[PDB]
């Protein structure tokens, strides 16, 4: 009820070259989040934006390393955002986080974060 929640699902363990989908649905926020996106933090690395998209389904942005492999989408008129991840590579292994209410792929501008979902791409 009273608190915003970004419910993350999907993710997990897959072989290198495999595919996974991540999902995020916000509850408790009674307006559109103009941007929502996925960030990740991989072992040994700082957190980085992966993909983001605006509430009309445009303004799509990707990290250079996932373009052509990952696809972000949103439900129009709802605060949900999804990431289809194909052709996965070991260095895509990371904790993935849903983020909402920010600007493009800039992490510091996002104020609502999911708890983080592990994605593990084995080799």
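Positions refer to the first chain, counted from 1.
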query	finding
Stretch with the higher entry mean CA B-factor, where the candidates are 43-51 and 92-100	43-51
Which of 76-84 and 33-41 has higher mean CA B factor, as the PDB entry lists it	76-84
Of the residues 112, 23, 115, 109, the one carrying the largest Cα B-factor as recorded	115
Record-listed C-alpha B factor of residue 105: chain third	lowest
